[PDB]
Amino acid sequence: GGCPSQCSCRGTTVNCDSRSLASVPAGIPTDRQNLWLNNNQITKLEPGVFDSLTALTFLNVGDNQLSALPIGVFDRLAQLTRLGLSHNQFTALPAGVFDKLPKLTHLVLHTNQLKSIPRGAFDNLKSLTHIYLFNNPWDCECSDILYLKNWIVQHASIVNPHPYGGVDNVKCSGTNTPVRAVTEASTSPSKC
């Protein structure tokens, strides 16, 4: 039940933000619900890093230096409602990474290096009310963009809700035109 040496704990919250950390601290108590890991220098999460924190409802890992996530890294976080991943350098997300987050209402992916989202990545996010996708270099010439294009069109009111610019603030790299307007004929699997 003890609070990790580098962090401070209050109620169900574990505060590990702004602590110059390179890794998630060991020994976070398993009953804690809100975990702040933002504003550190975490460059890589090890697989399974969060597996014991089955009560988490809030997880913020924004403003770190992550380029990828391990397969399954959120799979045990059944209660998660808010997931902050902004201000990293993710170049891709793993297939299936959000499949086990049925209570997730907020997903913050803005300010990264994402070029597309894998087909079906949001299939099981049946509670999602806010997703932030702006400030990513979306690759609109590659046909892999078509899942995201069709998903944001369908669910326009949940994408970048005010004041974050709406569905139109999901922009193609280079041309800076809206992802929602990409035509299938303008894409190709050979430019991926």
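Each residue number is its position in the shown sequence, starting from 1.
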Tell me which stretch has the larger mean Cα B-factor in this entry, 139-147 or 62-70.
139-147
Greater mean Cα temperature factor according to the PDB record, 163-171 or 126-134:
163-171
Peak C-alpha temperature factor (PDB record), options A26, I152, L56, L37:
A26
Chain-relative CA temperature factor third for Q89:
middle
Where does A95 sit by CA temperature factor within its chain: lowest, middle or highest third?
highest
Relative to the other modelled residues in the chain, which third contains the C-alpha temperature factor of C16: lowest, middle or highest?
lowest
